[PDB]
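Next up is one chain by itself, shown in structure tokens, the form deposited in one PDB entry.
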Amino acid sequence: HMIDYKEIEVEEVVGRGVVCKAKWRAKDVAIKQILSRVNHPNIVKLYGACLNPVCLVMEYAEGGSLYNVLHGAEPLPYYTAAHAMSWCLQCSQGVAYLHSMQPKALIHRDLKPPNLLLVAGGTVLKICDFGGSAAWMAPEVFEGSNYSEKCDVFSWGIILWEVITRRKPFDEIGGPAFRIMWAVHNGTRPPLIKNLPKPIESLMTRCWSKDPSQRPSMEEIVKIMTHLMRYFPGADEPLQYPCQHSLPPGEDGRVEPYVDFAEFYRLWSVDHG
């Protein structure tokens, strides 16, 4: 659609290259002043666009960004292993859809929690795109190599590590972006997670492979994640309990998960033994 700007009522700035919450036809909306075949539940919908000032009109995500949920200002919300696996399943479903786009695949290129928006009490995730991103970028990208949709698989793997640990990836490296690029180019990866279930560890590290052809397709991730949710009930629970979270010491190349996998091991055991 081609929206009339006067029909919109701007409100508070949301992000700042500036995004603001607004009403348009009694519908809450996000707008942004200085592709259309995309229709998926896990991708922020583009309603239309105005002409002067030229601006995008998109659905509004009331929950803010995943990054904000994970690492934002106190008070931070509690969340569970089911939430973590659900966010990543929903992210892979949105991204699989982009990769299936005809006649040419759409690669996100910038998959990272600051661009993953939440709604429905923090339970539904939606990919947003307008394109310190080094931390989620596949090495072939910033070495100027020819990349493919496998670069998004790499980013997803980092995100999976991130929601399970509630840690910023490569937070210990710091300095400018080039230090992380150098690190990851040389094979450094986020530390392994104590007690992580072997199937999730297998999936995560595969996604981190240096060789992009050794990473799984997104369609494979979606399917694997779909079937693992049988062991992660509770993803529909709205985020609503308070959390006081503090970084446990992290050395020995081994960090503790923030989420708890005891119930996964219990439900797995019922099925298998």
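Numbers for residues come from their place in the sequence shown, where the first is 1. Each form is matched to the other, and the largest set of C-alpha atoms that superpose within 1.5 Å is called the rigid core.
Colleague: Counting only other entries where the flanking residues are modelled, do a third or more lack residue 49?
Modeller: Yes, residue 49 lacks coordinates in at least a third of the other compared entries.
Colleague: Can you tell me whether residue 131 lacks a model in a third or more of the other compared entries?
Modeller: Yes, a third or more of the compared structures omit it.
Colleague: Does the chain run continuously from residue 16 to residue 17, or are deposited residues unmodelled in between? Answer none, 1 to 3, 4 to 9, or 10 or more.
Modeller: Going from residue 16 to residue 17, the model skips 1 to 3 residues of the deposited sequence.
Colleague: Deposited residues absent from the coordinates between residue 131 and residue 132, none, 1 to 3, 4 to 9, or 10 or more?
Modeller: Missing residues, residue 131 to residue 132: 10 or more.
Colleague: Tell me which stretch, 145-153 or 113-121, has the higher mean Cα B-factor listed in the entry.
Modeller: For C-alpha atoms only, the mean B-factor is higher in 145-153.
Colleague: Using the B-factors recorded in the PDB entry, average over the C-alpha atoms of 259-267 and of 246-254, then report which stretch comes out higher.
Modeller: Looking at the recorded C-alpha B-factors, 246-254 comes out higher on average.
Colleague: Pick out which of 228, 46, 221, 204 has the highest C-alpha B-factor in the PDB entry.
Modeller: Each of 228, 46, 221, 204 was compared by C-alpha B-factor; the highest is 46.
Colleague: Of the options 235, 61, 26, 66, which has the highest CA B factor as deposited?
Modeller: Each of 235, 61, 26, 66 was compared by C-alpha B-factor; the highest is 26.
Colleague: Ranked by Cα temperature factor within the chain, is residue 191 in the lowest third, the middle third or the highest third?
Modeller: Middle third of the chain for residue 191's C-alpha B-factor.
Colleague: Going by the recorded CA B-factors, say which third of the chain residue 102 sits in, lowest, middle or highest.
Modeller: Highest third - that is where residue 102 ends up once the chain's C-alpha B-factors are sorted.
Colleague: Please say which third, lowest, middle or highest, residue 52 falls into when its CA temperature factor is compared across its chain.
Modeller: It falls in the top third of the chain.
Colleague: Can you tell me which third, lowest, middle or highest, the CA B-factor of residue 175 falls into for its chain?
Modeller: Residue 175: CA B-factor falls in the highest third of its chain.
Colleague: Give the position of residue 214 by CA B-factor within its chain, expressed as the lowest, middle or highest third.
Modeller: Tercile = middle for this residue's CA B-factor.
There is another form of the same protein, the form deposited in another entry; it is not shown, and what comes next is about it.
Colleague: Superposing on the core, which single option in 238, 233, 41, 53 has a CA shift of 2 Å or more between the shown form and the other one?
Modeller: After core superposition, the single residue displaced by 2 Å or more is 53.
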